[PDB]
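Working notes, beginning with the structure itself.
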There are 4 protein chains.
Amino acid sequence: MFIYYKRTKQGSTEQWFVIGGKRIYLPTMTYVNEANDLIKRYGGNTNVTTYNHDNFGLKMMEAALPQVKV
Amino acid sequence: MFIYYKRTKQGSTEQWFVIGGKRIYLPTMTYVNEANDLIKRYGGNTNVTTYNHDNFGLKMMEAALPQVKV
Amino acid sequence: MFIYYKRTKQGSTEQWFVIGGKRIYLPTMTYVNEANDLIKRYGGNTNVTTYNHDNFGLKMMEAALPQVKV
Amino acid sequence: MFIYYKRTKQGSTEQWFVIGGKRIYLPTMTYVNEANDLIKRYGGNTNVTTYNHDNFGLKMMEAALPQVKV
């Protein structure tokens, strides 16, 4: 599990949480805090990387990790 | 793999087992024991955390980890 | 990734390979060897455990890890 | 996450990226570079192994890890 940042085409920065082979968009700072709590408890990765929307690394992550909504 | 606890709306506490990107409700103490045996054998996480039913961390785990029944 | 053994109802012992959240029955010693090669290369778990067909730990693994055929 | 090489029946060598329980064919050196960047950031495995198309280890990986396209 880890969090990454996504710089959108419209300019905003989104925080996304990878868990269980899935991707979750974090809509509020309270969701961000709880995701970081999960990372701390379950040995997740504390790396934070910001990806431009067109970055190939981001694209491969979005292809392999289905989005789920909370 | 790890176990967590869930405090239900009706007040009970459920034990859940995360494995293979899935969630398993543990119906008996014998299932709990065997799950902890799996954790010990395969390098799982021994963290035990109790989540209120409405906690956002729990909610993200339930969204990303499909339930399977045993 | 890891291998486990399953003692079947008819008495035989099957070797199974867990990878990618899936279970693979290993039909020959050549498949067993190649699976152990994968374990050695990709940091898998070298634990070998034998499960009776009715063991609850095995049952939870079979519920959470879909079988795929090779 | 890790990269492996596949020696095809027609003789070419393909680079594949394993992430999230999925397999991604890497079509360009820029995709290879970004995949290795992901490996470095998220604690992936730096092992590089070349598999002949008929190798049983490769076959089990292809059975257990669905291909996704980028």
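Bear in mind these aren't lab numbers, they're just calculated from the coordinates by the rules spelled out. With ideal geometry, Cβ positions are generated from the backbone for all residues, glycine too; neighbour counts draw on all protein chains shown.
Placing a label point 7 Å from Cα toward Cβ, how far apart in nm is C:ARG7 from its equivalents in the other copies, listed shortest first to one decimal?
4.3, 4.3, 6.0
According to a simple spin-label model (label point 7 Å from Cα along Cα-to-Cβ), what is the distance in nm between B:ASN52 and B:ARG7?
Each label point is offset 7 Å from its Cα along the Cβ direction, giving 0.7 nm.
What is the ratio of the Cα radius of gyration of chain B to 2.2 N^0.38 Å, where N is its residue count, to two decimals?
1.04
Taking the axis that carries chain C onto chain B, what is the nearest Cβ in chain C, and at how many Å, to the whole number?
C:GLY21, 4
If you take the alpha carbon radius of gyration of the protein assembly as shown and divide it by 2.2 N^0.38 Å, what ratio comes out, to two decimals?
1.05
Quick one: angle between helix C:29-41 and the longest Cα principal axis of chain C, in degrees between 0 and 90, rounded to 10, please.
Long axis of C:29-41 versus the principal axis of chain C: about 60 degrees.
When the helices in chain A are scored as -39500 (n - 2.57) per DSSP H run of 4 or longer and the sum is shared across all residues, what 222 nm value do you end up with, to the nearest 500 deg cm²/dmol?
-9500 deg cm²/dmol
Just tell me how shielded B:64-70 is by partners: mean number of partner chain Cβ atoms within 10 Å of each residue's Cβ, no decimals.
That average works out to 6.
Can you tell me the relative contact order of chain A? Whole percent, Cα pairs under 8 Å, sequence separation 6 or more.
Computed value for chain A: 40 percent relative contact order.
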